[PDB]
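K.L.:
Provided herewith is a single structure, encoded as structure tokens, for subsequent inquiry.
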Number of protein chains: 12
Amino acid sequence: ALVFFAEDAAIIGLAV
Amino acid sequence: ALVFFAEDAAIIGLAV
Amino acid sequence: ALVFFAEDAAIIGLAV
Amino acid sequence: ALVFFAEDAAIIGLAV
Amino acid sequence: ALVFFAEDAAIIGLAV
Amino acid sequence: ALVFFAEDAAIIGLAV
Amino acid sequence: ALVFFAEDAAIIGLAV
Amino acid sequence: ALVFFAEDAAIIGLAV
Amino acid sequence: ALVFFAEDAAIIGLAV
Amino acid sequence: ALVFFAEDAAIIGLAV
Amino acid sequence: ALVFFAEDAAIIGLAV
Amino acid sequence: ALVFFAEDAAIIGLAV
């Protein structure tokens, strides 16, 4: 799976 | 809001 | 073009 | 995280 | 199918 | 323009 | 609604 | 940044 | 395949 | 046009 | 919910 | 990388 990143604090993974 | 990242140079935020 | 990032290991570019 | 909405019944969250 | 919402006035469905 | 919605609290517009 | 464009020939609308 | 196009009238930019 | 357009200068194709 | 697939039962087309 | 498909091996569901 | 599918004929991969 791919893991995108986004700041939400911390930078979290968004895994697909 | 979430902040995505992209290189455009520098790595800019893309906020949603 | 923009370059997004994703972990796949290593963090790869995804260029648009 | 953001929560989008969609009807599926009920209107469910889609969290990112 | 899922139905997203968007204001366009009225709030319309966007069905997928 | 279209206005999507997301909970972030409050439900904010995301306009396109 | 918004109308995006894409070549498919001709350039067609994609309406949302 | 990239600029997408959409008819909304006129054809507007959507910049990212 | 579909070809989207974006200004980047020139208007480039983005083919899918 | 492209036709994506999704299970919804049956696997339906999503045409663009 | 919808289930998209992607090869990752095996073809996995991506449910929304 | 992930490989999505779309009919375009044949069903082609779309790799990310």
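Numbering starts fresh at 1 for the residues of each chain in the structure tokens, the chains themselves are lettered A, B, ... in the order given, and ligands are numbered from 1 as they appear.
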Run DSSP on the backbone and give me the residues of chain K it puts in strand (DSSP E or B), as a ChimeraX atom specification.

P.N.:
/K:3-7,11-15

K.L.:
Let's have the selection written as a PDB file, in the first residue's frame, with C-alpha atoms.

P.N.:
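Dumped everything to part-v6.pdb:
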```
ATOM      1  CA  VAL K   3     -15.338  -1.276  -3.265  1.00  0.00           C
ATOM      2  CA  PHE K   4     -12.636  -0.219  -5.725  1.00  0.00           C
ATOM      3  CA  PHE K   5      -9.905  -2.568  -6.800  1.00  0.00           C
ATOM      4  CA  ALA K   6      -6.139  -2.222  -7.102  1.00  0.00           C
ATOM      5  CA  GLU K   7      -3.262  -4.646  -7.547  1.00  0.00           C
ATOM      6  CA  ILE K  11      -5.981  -7.329  -6.039  1.00  0.00           C
ATOM      7  CA  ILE K  12      -7.217  -5.666  -2.857  1.00  0.00           C
ATOM      8  CA  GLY K  13     -10.442  -3.811  -2.063  1.00  0.00           C
ATOM      9  CA  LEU K  14     -10.631  -0.277  -1.289  1.00  0.00           C
ATOM     10  CA  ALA K  15     -13.777   0.414   0.421  1.00  0.00           C
TER      11      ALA K  15
END
```

K.L.:
For residue 1 of chain C, please output as a list in words all residues within 7 Å (counting only C-alpha atoms; exclusion window: fewer than 4 positions along the same chain).

P.N.:
residues 8 of chain B; 15 and 16 of chain C; 2 of chain H; 8 of chain I

K.L.:
Any idea what the distance is between atom CA of residue 9 of chain D and atom CA of residue 9 of chain J?

P.N.:
15.5 Å
